[PDB]
Every structure is written in structure tokens, then in C-alpha cells.
Amino acid sequence: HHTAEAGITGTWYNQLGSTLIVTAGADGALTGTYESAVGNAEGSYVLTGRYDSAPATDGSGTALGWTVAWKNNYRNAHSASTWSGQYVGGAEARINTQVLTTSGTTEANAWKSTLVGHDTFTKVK
Ligand SMILES: C[C@@H]1NC(=O)N[C@@H]1CCCCCC(=O)O
Ligand code: NA
Ligand code: NI
């Protein structure tokens, strides 16, 4: 079965109450911070990612992804999440993602290292 720069930049909110603050660069960079409303997390965490900086103009969304490692000055959950999805522009803009969250585990426990979920981001709370 296998601009965005202007549209992605700013603050987004997911269905869990988490907050994403991101700047999209002209050549595909995403940089910013993330504050999770759930899990072993407090305060903001560094976020970095990439997006398609020259997406198709045929009605398709804009592919992107980013990562947060859940370590900051306050806590370290020994885990990292990566969101993969697309930005869909317009009056009801969305970033629709699926997200993998991997914890450091022993080798014996590796089969239960990684969650899969889905987060939908909107520009209004
Ligand atoms: C991926 C989910 N979407 C989200 O906004 N936060 C969740 C992840 C929280 C993980 C916090 C660190 C931990 O508990 O391991
Ligand atoms: Na694993
Ligand atoms: Ni956790």
C-alpha cells in the first residue's frame, strides 16, 4: 500500500492535553519543545524532527516526524517517543500522527519496550 513551513510553525495541542511548540525551517528542519500532559514527564523537553519542505500540491498532506527523549532537568523516564504523520492545512488544520514510545529495557524484556499510539494535534486547545 506504500506553505508547510508557515503552516506547521507554532503551537499545537493534542487530545491528551499535551503541548507542542515547533519551528519549521526552510530546508526541512523541525525544532522546538514538547510538554506532555501524561506519563512520567514534567516541564518541557527538547523536540527535533524533519518535514517535507516541498510537498505535493494535489490535495495531499505534508509528511513529517519528530522525536522527544524524555529527559530534561527535572526527570528522566529513560524513554523516547517518535511521532510520524502528516500536516493537513486549512481552517481546521491538523497534524495527524501515530507515535512509538520506546523505553530502555533489559534484553529479556525487549518485547515490551515499545508502545504504539495515535495523537491528533490542533491549533486550538
Ligand atoms: C506519546 C504520548 N503523547 C503524549 O503527548 N505524551 C505521551 C508520551 C508520554 C511519555 C512520557 C515519558 C514516559 O512516561 O515514559
Ligand atoms: Na523491543
Ligand atoms: Ni512512562
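Computed over heavy atoms, backbone and side chain alike; hydrogens, waters and symmetry mates excluded. Throughout, residue positions are numbered sequentially from 1 according to the sequence presented.
When atom types are taken as modelled, the side chain of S84 and the backbone of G65 share no donor-acceptor pair closer than 3.5 angstrom. Side-chain atoms of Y51 never come within 3.5 Å of backbone atoms of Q86 as a donor-acceptor pair (strictly under, hydrogens ignored).
Across all non-hydrogen atoms, the minimal contact from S44 to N72 is O-ND2, 2.9 Å. Nearest heavy atoms, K123 versus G7: NZ-O, 3.0 Å. In plain terms, the two heavy atoms of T101 and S81 that are nearest each other are OG1-OG, 2.7 Å. Nearest approach of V124 to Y13, heavy atoms of both residues: C-CD1, 3.8 Å. The two residues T11 and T19 have their closest heavy-atom pair at CG2-CG2, 3.7 Å.
Between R50 and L64 there is no side-chain heavy-atom pair separated by less than 4.5 Å.
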Problem - Test log, rule side-chain contact (heavy atoms from CB on, under 4.5 Å), inputs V116 and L100 - result: CA-CA 5 Å; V116 60; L100 295 182; 3.8 Å; yes
Problem - Trace of the side-chain contact (heavy atoms from CB on, under 4.5 Å) decision for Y34 with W70 - result: CA-CA 10 Å; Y34 199 96; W70 299 109; 3.6 Å; yes
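By the 6.0 Å contact criterion, CD on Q98 is open, its count of non-hydrogen atoms from other residues, nucleotides or ligands being 12 or less. A 6.0 Å sphere centred on CG of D27 holds no more than 12 heavy atoms belonging to other residues, nucleotides or ligands.
Using bins of under 30°, 30° to 60° and over 60° for the plane-to-plane angle, the ring pair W66/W83 lands in the parallel bin.
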